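Input: a single structure, listed below in C-alpha coordinates.
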Amino acid sequence: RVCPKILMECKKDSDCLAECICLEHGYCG
Amino acid sequence: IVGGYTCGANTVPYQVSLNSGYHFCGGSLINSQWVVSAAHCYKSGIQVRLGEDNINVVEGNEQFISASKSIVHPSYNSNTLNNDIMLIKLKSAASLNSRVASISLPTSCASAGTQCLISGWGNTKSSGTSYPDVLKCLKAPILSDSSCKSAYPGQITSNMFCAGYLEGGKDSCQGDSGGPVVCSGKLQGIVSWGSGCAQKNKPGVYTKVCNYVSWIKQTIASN
Ligand SMILES: [Ca+2]
(Lines of atoms letter the chains of each structure in order from A and count residues from 1; the text may use other names and numbers.)
(Lines give C-alpha, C1' and ligand atoms only; values in the text may rest on other atoms or scores of the structure.)
Protein backbone atom coordinates (compact mmCIF):
# COMPACT_ATOMS: atom_id res chain seq x y z
CA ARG A 1 0.00 0.00 0.00
CA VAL A 2 1.34 3.56 -0.52
CA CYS A 3 0.83 5.05 2.96
CA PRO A 4 2.66 8.27 3.93
CA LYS A 5 4.01 8.38 7.44
CA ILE A 6 2.16 11.48 8.68
CA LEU A 7 0.38 11.36 12.02
CA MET A 8 -3.30 11.96 11.28
CA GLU A 9 -6.44 11.29 13.32
CA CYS A 10 -9.34 9.51 11.63
CA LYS A 11 -12.81 8.15 12.31
CA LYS A 12 -13.11 6.18 9.03
CA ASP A 13 -10.71 4.83 6.36
CA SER A 14 -11.75 7.58 3.92
CA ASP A 15 -10.23 10.25 6.25
CA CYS A 16 -6.70 9.01 5.57
CA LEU A 17 -4.30 9.93 2.75
CA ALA A 18 -3.56 7.75 -0.25
CA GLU A 19 -3.72 4.05 0.74
CA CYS A 20 -3.47 4.55 4.49
CA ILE A 21 -6.41 3.17 6.45
CA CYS A 22 -7.89 4.15 9.79
CA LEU A 23 -6.75 1.99 12.64
CA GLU A 24 -8.64 0.99 15.73
CA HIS A 25 -7.15 3.71 17.98
CA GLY A 26 -8.15 6.60 15.69
CA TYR A 27 -5.00 7.24 13.68
CA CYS A 28 -4.13 6.50 10.07
CA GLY A 29 -1.58 3.78 9.34
CA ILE B 1 10.40 4.69 14.78
CA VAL B 2 9.88 0.94 15.31
CA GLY B 3 12.77 -1.08 16.76
CA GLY B 4 14.85 1.99 17.71
CA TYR B 5 16.64 3.31 20.74
CA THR B 6 16.43 6.68 22.52
CA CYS B 7 18.60 9.30 20.86
CA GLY B 8 19.34 11.34 23.98
CA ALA B 9 18.14 14.91 24.59
CA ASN B 10 19.34 17.24 21.87
CA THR B 11 21.84 14.75 20.35
CA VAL B 12 20.07 15.22 16.98
CA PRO B 13 20.11 19.05 16.95
CA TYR B 14 18.77 19.50 13.44
CA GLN B 15 15.55 17.52 14.20
CA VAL B 16 12.40 19.59 14.38
CA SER B 17 8.77 18.85 15.17
CA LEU B 18 6.00 20.34 12.98
CA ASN B 19 3.04 21.12 15.16
CA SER B 20 -0.61 22.07 14.35
CA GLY B 21 -1.89 21.65 17.92
CA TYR B 22 -0.09 18.30 18.11
CA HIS B 23 3.06 16.84 16.55
CA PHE B 24 2.30 15.41 13.07
CA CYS B 25 5.57 15.40 11.05
CA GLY B 26 9.29 15.95 11.56
CA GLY B 27 11.69 18.11 9.50
CA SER B 28 15.37 19.09 9.48
CA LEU B 29 16.88 22.47 10.04
CA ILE B 30 19.21 23.29 7.12
CA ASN B 31 20.08 26.83 8.27
CA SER B 32 18.75 29.43 10.77
CA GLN B 33 15.68 30.24 8.70
CA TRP B 34 14.79 27.13 6.67
CA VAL B 35 13.48 23.63 7.40
CA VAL B 36 13.10 20.83 4.88
CA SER B 37 10.32 18.31 5.23
CA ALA B 38 7.98 16.16 3.11
CA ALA B 39 5.45 17.83 0.80
CA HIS B 40 2.64 15.60 2.13
CA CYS B 41 3.23 17.33 5.51
CA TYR B 42 1.95 20.65 4.09
CA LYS B 43 -0.62 22.36 6.33
CA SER B 44 -1.54 26.01 6.80
CA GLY B 45 -0.50 27.31 10.23
CA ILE B 46 2.49 25.09 11.02
CA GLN B 47 4.47 25.88 14.18
CA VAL B 48 8.07 24.60 14.02
CA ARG B 49 9.45 23.39 17.36
CA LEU B 50 13.19 23.24 17.63
CA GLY B 51 15.41 22.03 20.53
CA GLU B 52 12.89 19.41 21.47
CA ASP B 53 13.37 16.11 23.18
CA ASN B 54 10.29 15.37 25.30
CA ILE B 55 7.53 16.90 23.19
CA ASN B 56 5.10 17.03 26.14
CA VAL B 57 7.29 18.63 28.81
CA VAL B 58 8.97 22.10 28.66
CA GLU B 59 12.58 21.31 29.40
CA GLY B 60 14.09 24.71 28.63
CA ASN B 61 15.86 24.34 25.25
CA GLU B 62 12.91 24.70 22.90
CA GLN B 63 12.33 27.44 20.36
CA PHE B 64 8.82 27.60 18.88
CA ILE B 65 8.64 29.64 15.63
CA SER B 66 5.73 29.84 13.16
CA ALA B 67 6.23 29.00 9.52
CA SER B 68 5.98 32.06 7.28
CA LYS B 69 6.10 30.37 3.84
CA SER B 70 5.98 26.69 2.74
CA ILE B 71 7.25 25.93 -0.80
CA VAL B 72 6.11 22.52 -2.07
CA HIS B 73 8.26 21.12 -4.91
CA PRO B 74 6.75 22.13 -8.32
CA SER B 75 6.50 18.58 -9.51
CA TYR B 76 5.10 17.03 -6.32
CA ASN B 77 2.58 14.34 -7.13
CA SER B 78 0.27 13.66 -4.23
CA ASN B 79 -0.88 10.39 -5.79
CA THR B 80 2.55 8.80 -6.25
CA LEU B 81 4.46 10.87 -3.66
CA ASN B 82 7.10 11.54 -6.33
CA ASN B 83 9.13 14.65 -5.45
CA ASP B 84 7.86 14.55 -1.85
CA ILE B 85 9.87 17.50 -0.54
CA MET B 86 8.92 20.94 0.84
CA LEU B 87 10.89 23.89 2.28
CA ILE B 88 9.50 25.89 5.19
CA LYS B 89 10.77 29.39 5.94
CA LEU B 90 10.63 30.38 9.60
CA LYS B 91 9.03 33.68 10.59
CA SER B 92 12.17 34.69 12.52
CA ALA B 93 15.60 33.10 12.50
CA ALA B 94 16.29 30.34 14.97
CA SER B 95 19.06 30.93 17.55
CA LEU B 96 21.67 28.29 16.67
CA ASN B 97 23.55 26.95 19.73
CA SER B 98 24.67 23.50 20.95
CA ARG B 99 21.16 22.07 21.11
CA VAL B 100 19.76 23.63 17.84
CA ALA B 101 22.05 23.31 14.76
CA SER B 102 21.62 22.77 11.02
CA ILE B 103 22.53 19.67 8.97
CA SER B 104 24.61 19.83 5.80
CA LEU B 105 23.19 19.13 2.39
CA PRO B 106 24.97 16.38 0.33
CA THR B 107 27.39 17.02 -2.53
CA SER B 108 26.78 13.42 -3.81
CA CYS B 109 24.18 10.64 -3.48
CA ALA B 110 24.87 7.88 -0.94
CA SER B 111 25.49 4.33 -2.11
CA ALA B 112 23.59 1.21 -1.23
CA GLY B 113 24.88 -0.34 2.01
CA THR B 114 25.73 3.04 3.66
CA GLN B 115 24.46 3.12 7.22
CA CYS B 116 22.28 6.12 8.05
CA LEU B 117 20.55 7.56 11.13
CA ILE B 118 16.77 8.04 11.00
CA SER B 119 14.97 9.82 13.86
CA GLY B 120 11.51 10.93 14.91
CA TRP B 121 8.62 10.91 17.40
CA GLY B 122 6.50 8.53 15.34
CA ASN B 123 4.82 5.23 16.21
CA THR B 124 7.02 2.65 17.85
CA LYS B 125 4.78 -0.39 17.11
CA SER B 126 4.34 -2.19 13.79
CA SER B 127 0.90 -3.37 14.94
CA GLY B 128 -0.90 -1.11 17.41
CA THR B 129 0.04 2.40 18.49
CA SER B 130 2.57 3.63 21.02
CA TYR B 131 3.65 7.20 20.37
CA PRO B 132 6.76 8.22 22.35
CA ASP B 133 7.40 11.32 24.45
CA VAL B 134 11.11 11.50 23.59
CA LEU B 135 13.03 11.33 20.30
CA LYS B 136 13.87 7.90 18.94
CA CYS B 137 16.66 6.87 16.64
CA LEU B 138 17.39 4.04 14.24
CA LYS B 139 20.52 3.08 12.30
CA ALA B 140 19.53 1.54 8.98
CA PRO B 141 21.27 0.83 5.62
CA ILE B 142 20.34 2.20 2.22
CA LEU B 143 19.09 -0.76 0.16
CA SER B 144 19.86 -1.37 -3.49
CA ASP B 145 17.55 0.01 -6.14
CA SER B 146 16.78 -3.58 -7.24
CA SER B 147 15.57 -4.56 -3.76
CA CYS B 148 13.58 -1.37 -3.49
CA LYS B 149 11.95 -1.83 -6.90
CA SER B 150 11.39 -5.49 -6.17
CA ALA B 151 9.60 -4.68 -2.89
CA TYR B 152 7.34 -2.05 -4.43
CA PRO B 153 6.67 -3.03 -8.10
CA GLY B 154 6.06 0.06 -10.23
CA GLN B 155 5.92 2.48 -7.25
CA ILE B 156 9.59 3.59 -6.87
CA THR B 157 10.78 6.53 -8.98
CA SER B 158 14.35 7.80 -9.40
CA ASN B 159 13.58 10.34 -6.67
CA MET B 160 13.13 7.64 -3.98
CA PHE B 161 15.26 5.05 -2.20
CA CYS B 162 14.56 2.32 0.31
CA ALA B 163 16.33 2.05 3.64
CA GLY B 164 15.76 -0.48 6.34
CA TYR B 165 15.53 -4.19 6.77
CA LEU B 166 13.91 -6.69 4.38
CA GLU B 167 13.36 -8.91 7.46
CA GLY B 168 11.14 -6.16 8.93
CA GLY B 169 11.08 -5.21 12.61
CA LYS B 170 12.87 -1.84 12.33
CA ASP B 171 11.56 1.11 10.31
CA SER B 172 10.23 4.66 10.40
CA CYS B 173 6.46 4.87 10.96
CA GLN B 174 3.50 7.32 11.21
CA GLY B 175 4.57 10.57 12.76
CA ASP B 176 8.11 10.24 11.38
CA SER B 177 7.25 11.76 7.99
CA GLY B 178 9.37 14.68 6.88
CA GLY B 179 12.19 13.77 9.28
CA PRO B 180 15.83 13.15 8.48
CA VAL B 181 17.86 10.30 7.12
CA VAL B 182 21.47 11.34 7.71
CA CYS B 183 24.44 9.42 6.25
CA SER B 184 28.08 10.54 6.72
CA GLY B 185 26.82 13.78 8.35
CA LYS B 186 24.79 14.87 5.30
CA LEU B 187 21.02 14.90 4.83
CA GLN B 188 20.34 12.16 2.28
CA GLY B 189 16.67 11.32 2.81
CA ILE B 190 13.30 12.54 4.05
CA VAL B 191 10.88 10.04 5.66
CA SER B 192 8.08 9.68 3.10
CA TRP B 193 6.06 6.42 2.89
CA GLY B 194 5.89 2.65 3.03
CA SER B 195 3.39 -0.20 3.17
CA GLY B 196 2.73 0.03 6.91
CA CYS B 197 5.78 -0.07 9.14
CA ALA B 198 8.49 -2.64 9.72
CA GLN B 199 6.76 -5.28 7.60
CA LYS B 200 8.69 -8.14 6.05
CA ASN B 201 9.83 -7.17 2.58
CA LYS B 202 8.31 -3.68 2.81
CA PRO B 203 11.19 -1.34 3.82
CA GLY B 204 10.57 2.39 4.26
CA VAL B 205 10.80 4.65 1.22
CA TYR B 206 12.52 8.02 1.43
CA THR B 207 12.78 11.10 -0.79
CA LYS B 208 16.25 11.17 -2.38
CA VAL B 209 17.54 14.55 -1.25
CA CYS B 210 20.73 14.55 -3.43
CA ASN B 211 18.51 15.01 -6.53
CA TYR B 212 17.23 18.32 -5.12
CA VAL B 213 20.26 20.12 -3.69
CA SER B 214 20.51 22.77 -6.42
CA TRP B 215 16.71 23.43 -6.17
CA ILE B 216 16.92 23.75 -2.37
CA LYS B 217 19.91 26.14 -2.55
CA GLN B 218 18.32 28.27 -5.31
CA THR B 219 15.01 28.45 -3.37
CA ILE B 220 16.66 29.38 0.00
CA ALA B 221 18.78 32.14 -1.55
CA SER B 222 15.79 33.57 -3.41
CA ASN B 223 13.05 33.78 -0.73
CA1 LIG C 1 9.83 19.76 25.36
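Residues 4-32, in that order, are what chain A shows, numbered as in Swiss-Prot.
According to its header, the structure was obtained by X-ray crystallography, 1.5 Å.
Placement of Cβ uses the backbone N, Cα and C atoms for every residue, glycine included.
Feature list (source: Swiss-Prot):
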DISULFID  A:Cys6-A:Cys23  disulfide bond
DISULFID  A:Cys13-A:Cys25  disulfide bond
DISULFID  A:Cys19-A:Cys31  disulfide bond
Cβ neighbour count within 10 Å of A:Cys23 (disulfide bond): 23
Fewest other Cβ within 10 angstroms of its own Cβ, chosen from the disulfide-bonded residues A:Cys19, A:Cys25: A:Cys25
Disulfide-bonded residues in contact range of chain B, given that the Cβ distance is under 8 Å, out of A:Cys6, A:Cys13, A:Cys19: A:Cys6
Cβ neighbour count within 10 Å of A:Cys31 (disulfide bond): 21
DSSP-derived structure type at A:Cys23 (disulfide bond), helix or strand or else coil: coil
